[PDB]
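**Student:** Here you go, upload.pdb (PDB, C-alpha atoms):
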```
ATOM      1  CA  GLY A 103      75.534  24.863  87.382
ATOM      2  CA  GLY A 104      75.256  28.339  85.976
ATOM      3  CA  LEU A 105      76.315  31.763  87.333
ATOM      4  CA  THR A 106      73.843  33.540  89.664
ATOM      5  CA  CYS A 107      73.791  37.085  91.139
ATOM      6  CA  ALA A 108      75.429  37.045  94.624
ATOM      7  CA  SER A 109      75.113  39.435  97.552
ATOM      8  CA  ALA A 110      75.547  43.104  96.883
ATOM      9  CA  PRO A 111      78.916  44.457  97.805
ATOM     10  CA  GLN A 112      79.025  46.158 101.229
ATOM     11  CA  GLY A 113      81.721  48.646 100.237
ATOM     12  CA  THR A 114      83.946  50.041  97.521
ATOM     13  CA  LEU A 115      87.672  50.752  97.544
ATOM     14  CA  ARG A 116      89.183  53.155  94.964
ATOM     15  CA  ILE A 117      93.006  53.140  94.797
ATOM     16  CA  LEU A 118      95.130  55.906  93.265
ATOM     17  CA  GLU A 119      98.935  56.569  93.676
ATOM     18  CA  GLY A 120      99.825  60.010  95.130
ATOM     19  CA  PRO A 121     103.083  61.776  96.232
ATOM     20  CA  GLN A 122     103.249  64.628  98.889
ATOM     21  CA  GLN A 123     103.992  68.420  99.197
ATOM     22  CA  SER A 124     107.409  69.800 100.268
ATOM     23  CA  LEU A 125     108.158  72.833 102.459
ATOM     24  CA  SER A 126     107.315  76.307 101.064
ATOM     25  CA  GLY A 127     110.625  78.029 100.273
ATOM     26  CA  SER A 128     109.491  80.244  97.370
ATOM     27  CA  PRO A 129     112.978  80.899  95.828
ATOM     28  CA  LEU A 130     111.802  83.548  93.335
ATOM     29  CA  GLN A 131     114.932  84.445  91.286
ATOM     30  CA  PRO A 132     118.687  83.518  90.756
ATOM     31  CA  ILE A 133     119.831  87.181  90.871
ATOM     32  CA  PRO A 134     116.510  88.651  92.210
ATOM     33  CA  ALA A 135     114.564  91.973  91.951
ATOM     34  CA  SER A 136     115.299  94.693  89.347
ATOM     35  CA  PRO A 137     118.910  95.653  90.332
ATOM     36  CA  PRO A 138     119.281  99.470  90.083
ATOM     37  CA  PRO A 139     121.387 101.378  87.476
ATOM     38  CA  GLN A 140     124.177 103.256  89.317
ATOM     39  CA  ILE A 141     127.179 105.685  89.448
ATOM     40  CA  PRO A 142     130.647 104.623  88.048
ATOM     41  CA  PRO A 143     133.104 105.391  90.929
ATOM     42  CA  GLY A 144     134.987 108.754  90.790
ATOM     43  CA  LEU A 145     134.095 109.404  87.073
ATOM     44  CA  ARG A 146     135.831 112.881  86.984
ATOM     45  CA  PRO A 147     134.829 115.792  84.668
ATOM     46  CA  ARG A 148     135.633 114.992  80.980
ATOM     47  CA  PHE A 149     135.360 118.666  79.852
ATOM     48  CA  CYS A 150     136.804 122.098  80.778
ATOM     49  CA  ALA A 151     136.048 125.759  79.929
ATOM     50  CA  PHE A 152     138.281 127.849  77.651
ATOM     51  CA  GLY A 153     140.657 130.351  79.342
TER      52      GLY A 153
ATOM     53  CA  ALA B 947     116.482 102.922  79.224
ATOM     54  CA  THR B 948     114.767  99.703  80.229
ATOM     55  CA  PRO B 949     111.224 100.331  81.496
ATOM     56  CA  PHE B 950     110.460  99.778  85.176
ATOM     57  CA  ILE B 951     114.144  99.912  86.375
ATOM     58  CA  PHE B 952     113.917 103.328  88.092
ATOM     59  CA  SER B 953     111.353 103.762  90.911
ATOM     60  CA  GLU B 954     109.937 106.759  92.816
ATOM     61  CA  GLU B 955     112.642 106.304  95.496
ATOM     62  CA  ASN B 956     115.449 105.898  92.910
ATOM     63  CA  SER B 957     114.377 108.370  90.232
ATOM     64  CA  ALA B 958     115.760 108.695  86.764
ATOM     65  CA  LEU B 959     116.176 112.463  86.971
ATOM     66  CA  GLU B 960     118.103 112.144  90.241
ATOM     67  CA  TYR B 961     120.395 109.504  88.726
ATOM     68  CA  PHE B 962     121.174 111.354  85.505
ATOM     69  CA  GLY B 963     121.431 114.752  87.183
ATOM     70  CA  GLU B 964     124.019 113.305  89.532
ATOM     71  CA  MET B 965     125.817 111.912  86.479
ATOM     72  CA  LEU B 966     125.767 115.365  84.862
ATOM     73  CA  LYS B 967     126.828 117.238  88.008
ATOM     74  CA  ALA B 968     129.726 114.771  88.218
ATOM     75  CA  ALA B 969     130.932 116.048  84.817
ATOM     76  CA  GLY B 970     130.900 119.764  85.645
ATOM     77  CA  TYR B 971     127.498 120.420  84.084
ATOM     78  CA  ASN B 972     124.424 121.238  86.171
ATOM     79  CA  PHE B 973     121.948 118.888  87.818
ATOM     80  CA  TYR B 974     118.820 119.939  85.939
ATOM     81  CA  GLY B 975     120.452 119.577  82.528
ATOM     82  CA  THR B 976     120.246 123.260  81.552
ATOM     83  CA  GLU B 977     123.254 124.996  80.029
ATOM     84  CA  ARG B 978     123.008 128.689  79.236
ATOM     85  CA  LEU B 979     123.265 129.782  75.615
ATOM     86  CA  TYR B 980     123.994 133.001  73.769
ATOM     87  CA  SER B 981     121.920 134.453  70.954
ATOM     88  CA  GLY B 982     123.636 133.877  67.637
ATOM     89  CA  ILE B 983     121.815 136.877  66.182
ATOM     90  CA  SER B 984     122.179 139.562  68.862
ATOM     91  CA  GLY B 985     125.189 138.085  70.663
ATOM     92  CA  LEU B 986     123.685 138.438  74.140
ATOM     93  CA  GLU B 987     123.317 135.771  76.800
ATOM     94  CA  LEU B 988     119.637 134.869  76.824
ATOM     95  CA  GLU B 989     117.929 135.443  80.156
ATOM     96  CA  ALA B 990     116.700 131.838  80.436
ATOM     97  CA  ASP B 991     119.079 128.890  80.625
ATOM     98  CA  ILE B 992     118.216 126.321  77.983
ATOM     99  CA  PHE B 993     117.724 122.563  78.266
ATOM    100  CA  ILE B 994     120.140 120.859  75.872
ATOM    101  CA  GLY B 995     121.153 117.244  75.449
ATOM    102  CA  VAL B 996     121.703 114.333  73.075
ATOM    103  CA  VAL B 997     118.713 112.439  71.675
ATOM    104  CA  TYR B 998     118.368 109.727  69.028
ATOM    105  CA  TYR B 999     116.472 110.833  65.913
ATOM    106  CA  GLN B1000     115.002 108.590  63.243
ATOM    107  CA  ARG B1001     114.245 109.804  59.729
ATOM    108  CA  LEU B1002     110.860 108.780  58.358
ATOM    109  CA  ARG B1003     110.188 107.428  54.880
ATOM    110  CA  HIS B1004     107.609 110.101  53.961
ATOM    111  CA  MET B1005     109.239 112.879  51.980
ATOM    112  CA  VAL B1006     107.689 115.882  50.173
ATOM    113  CA  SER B1007     109.469 114.493  47.063
ATOM    114  CA  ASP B1008     106.987 111.573  47.042
ATOM    115  CA  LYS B1009     103.885 113.538  48.120
TER     116      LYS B1009
END
```
Let me see the structure of the file written as structure tokens.

**Tutor:**
Amino acid sequence: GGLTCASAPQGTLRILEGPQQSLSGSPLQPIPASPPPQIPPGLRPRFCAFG
Amino acid sequence: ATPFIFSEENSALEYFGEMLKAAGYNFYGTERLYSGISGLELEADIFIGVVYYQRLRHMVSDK
């Protein structure tokens, strides 16, 4: 009436919960790159010679 | 003057020389001076500009 060893298991199942990968879009930056410093339009000379 | 904003293609000297030439000065930043001692226009045109100087805390009055 006691507990005895039974037949060895024939296989093992290991369960884990996993989600999946999306598409590669690689959206690097809101406003991207190093935007260049640049000329103010027209500007004009702010200096003249004497005479 | 942020580092790494001006490349080989877009140079800093090109940019600021265009800025200067747009004000009536010359591209390369050289304006020609006179000698305040002899009164003659020096043969070489000088490189003049505006730079930010700091004054250090080490004075001959303390050393």

**Student:** Neighbouring residues of residue A:136 were defined as those with any atom within 7 Å, considering only C-alpha atoms; residues of the same chain fewer than 2 positions away were excluded. Please report them as a compact mmCIF listing (two decimals) with C-alpha atoms, in the frame of the given file.

**Tutor:**
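As a result, selection_6.txt now contains:
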```txt
# COMPACT_ATOMS: atom_id res chain seq x y z
CA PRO A 134 116.51 88.65 92.21
CA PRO A 138 119.28 99.47 90.08
CA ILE B 951 114.14 99.91 86.38
```

**Student:** Only residues of chain B matter here; which ones have an atom within 10 Å of chain A, counting only C-alpha atoms? Give them as a PyMOL selection string.

**Tutor:** chain B and resi 947-948+950-953+956+958+961-962+964-971

**Student:** In Å, how far is it from atom CA of residue A:129 to atom CA of residue B:949?

**Tutor:**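 About the pair atom CA of residue A:129 and atom CA of residue B:949: they are 24.2 Å apart.
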
**Student:** Rounded to one decimal, what separation in Å do you get between atom CA of residue B:974 and atom CA of residue B:957?

**Tutor:**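 Result for atom CA of residue B:974 versus atom CA of residue B:957: 13.1 Å, one decimal.
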